[PDB]
């Protein structure tokens, strides 16, 4: 299937638009086993993305979740 799992702002935005997610929830969507990225590279690019998006922060189950869900 031309044109897989890559850490992009587009992907993060789509996940956060669907539902609030913690940092751990998001990291689970971009597993190193699929990207081949080291844990450090993964944390670094996700940080840049989350910084730019600056998602709303909601407390759910006593835990801060990022959210672009209105």
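Residue numbers count along the first chain shown, from 1.
Per the record, residue 3 and residue 4 are separated by 1 to 3 deposited residues that are missing from the model. For the two regions 60-68 and 4-12, the entry's Cα B-factors average higher over 4-12. As recorded in the PDB entry, 51-59 is the stretch of 13-21 and 51-59 with the greater mean C-alpha temperature factor.
In the PDB entry, residue 42 places in the lowest third of its chain by CA B-factor.
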